[PDB]
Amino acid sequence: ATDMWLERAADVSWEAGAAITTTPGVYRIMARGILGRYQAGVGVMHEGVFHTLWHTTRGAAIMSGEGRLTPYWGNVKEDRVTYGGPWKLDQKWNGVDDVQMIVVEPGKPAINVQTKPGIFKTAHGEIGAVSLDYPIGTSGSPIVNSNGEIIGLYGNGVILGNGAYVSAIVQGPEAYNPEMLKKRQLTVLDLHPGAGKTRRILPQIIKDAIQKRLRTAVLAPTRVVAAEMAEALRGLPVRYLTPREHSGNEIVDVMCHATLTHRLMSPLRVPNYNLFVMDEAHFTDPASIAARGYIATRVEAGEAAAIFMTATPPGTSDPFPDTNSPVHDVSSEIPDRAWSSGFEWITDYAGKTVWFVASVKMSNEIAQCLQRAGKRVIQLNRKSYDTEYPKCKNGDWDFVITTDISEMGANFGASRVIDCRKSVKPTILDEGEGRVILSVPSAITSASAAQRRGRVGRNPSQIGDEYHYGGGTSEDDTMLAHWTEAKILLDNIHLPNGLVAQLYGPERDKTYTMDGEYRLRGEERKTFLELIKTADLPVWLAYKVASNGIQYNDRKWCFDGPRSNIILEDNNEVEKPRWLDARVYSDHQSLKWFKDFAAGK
């Protein structure tokens, strides 16, 4: 005939060895010219659909065993075409793994050939590359997994450097830019942790900013990261705000997330920063959320630019983002308290481990259990971070037990992460006057879990890191306190041109009240500022005091509250307040500060 027909060569299977020997399988695509019969290409029948390359048939019809088929779907640029329905192959090749091509060469019987593919740097991602030279009739031969799955077809190559023939597997990243520094621009970058993130990218951002002569605000989540910024930005005009001092020329200022927020609130003027850079932009600290609110507004106004640096941007719902190196994600049962037996896999592990816990109370019971097994352990909470975190660099440890704090800029030499996927959070009850409570261990956000997971898989040379998780994730964190405390902190920030600040777009849905409701009068506002600075009170509790019109000296509210609001310690009394906030009475240390504040200060 004029049009083509099919002849079965082999099945779709992985076969042992280097070289060996609509029914599903591999078929020769045979044609007829004036000069005789030939093989036009190869194809594979899978789930009722014949798959091959567009080049093979050029849109001709194929007679199968019984009845004729014409192209159902195709793409010239992609070099793909299907017969009898849509493209049904979707399995992808994983790097560092050998695959097997089922070679159906014109005239020769079907032979399996194992090789190791290379990589092409194409326009859309990276394209796989098989280094096998075969005559054009062989085009379309399927390439299969160890599991027998088809990961693509043998296609047309590239006419390469002086002498080469590497064929592409037919099947189917970010970059920093100087144009991001333009005033109206806000870009969310995924700086890839390791030797790439803060070693080359950040210094290059600052080098650009100084040349463009922009006054820059670079923001660290904690003091530790700010010191890492001090090492990486040596030999550049830069002022380190959060405490060798400044000359008076530098236009680049390094500070904490909170440092800028507190200054933005204070009576004095705020410098007109043309550029904002924020590392660990996913930080759910009230002063971080509010800082992202202010920045997003000035960028929207055309007064400033923004670059947010985080692996998990505000709005993420993916618990397993693509890592640098391959990782094993294992669903396992994680202890919430000490254990006397079982759990051999935890203590038998030779390398270092980072265990995430729900609370400082969970950290104590688990670590006390582990040190009884002769295991060197460091405990890391929001209290003992600056002190105990630097010890982790030494390597004198087998286990690191930590709270949610470690999600923000923590470098561990560890190979395994144990995650309970829970945490104790301050939550708000709005009924009547209000109550802030420390929740029972609850399922964290998937963005937060991906940060806990992101402690491993960083090293491009170290592969197959382990990540053990127990329980699912949850996105209903609207009940939490840090949302309201942020918009309280945001309403009290002033903007010129009769403007009021608003939260960063992706986070606006979390809290909805009158915009600028929490803005306070000249005497209340100044009193509220001293309650968070001098007295170290939670933002919610400090607002309640100032809101009603209580002065900074007047301590009466601590003793004239409702009869149900009396404070307890050891099941005994303590010498209540008008409003309750668990953060000031839950543990012995903080409760001691609250009763000093109560008595006289």
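The first residue of the sequence shown is number 1, and the count goes up from there.
Inset, instruction - Count, per the entry, the deposited residues between residue 21 and residue 22 that are not modelled, and return the matching class: none, 1 to 3, 4 to 9, or 10 or more. - result: In the record, 10 or more residues between residue 21 and residue 22 lack coordinates.
Legend entry - Deposited but uncoordinated residues in the residue 243/residue 244 interval: Gap between residue 243 and residue 244: 1 to 3 unmodelled residues.
Legend entry - Selected stretch [higher average CA B-factor]: 500-508 or 412-420: Of 412-420 and 500-508, the stretch with the higher C-alpha B-factor average is 500-508.
Inset, instruction - Using the B-factors recorded in the PDB entry, average over the C-alpha atoms of 338-346 and of 154-162, then report which stretch comes out higher. - result: Result of the comparison: 154-162.
Inset, instruction - Using the temperature factors in the entry, find which of 475, 491, 365, 149 has the highest value at its Cα atom. - result: It is 365.
Legend entry - Maximum C-alpha temperature factor, selected from 287, 168, 101, 440: Most elevated C-alpha B-factor of the set, per the entry: 168.
Inset, instruction - Would you check the entry's CA temperature factor for residue 186 and let me know if it's in the chain's lowest, middle or highest third? - result: Highest third, going by the recorded CA B-factors of the chain.
Inset, instruction - Report the third (lowest, middle or highest) to which the CA temperature factor of residue 249 belongs, ranking only the modelled residues of the same chain. - result: Highest third.
Legend entry - Record-listed C-alpha B factor of residue 518: chain third: Highest third - that is where residue 518 ends up once the chain's C-alpha B-factors are sorted.
Legend entry - Third of chain Cα B-factors occupied by residue 41: Lowest third.
Inset, instruction - Please place residue 129 in the lowest, middle or highest third of its chain by C-alpha B factor as given in the entry. - result: As the PDB entry reports it, the C-alpha B-factor of residue 129 lands in the highest third of its chain.
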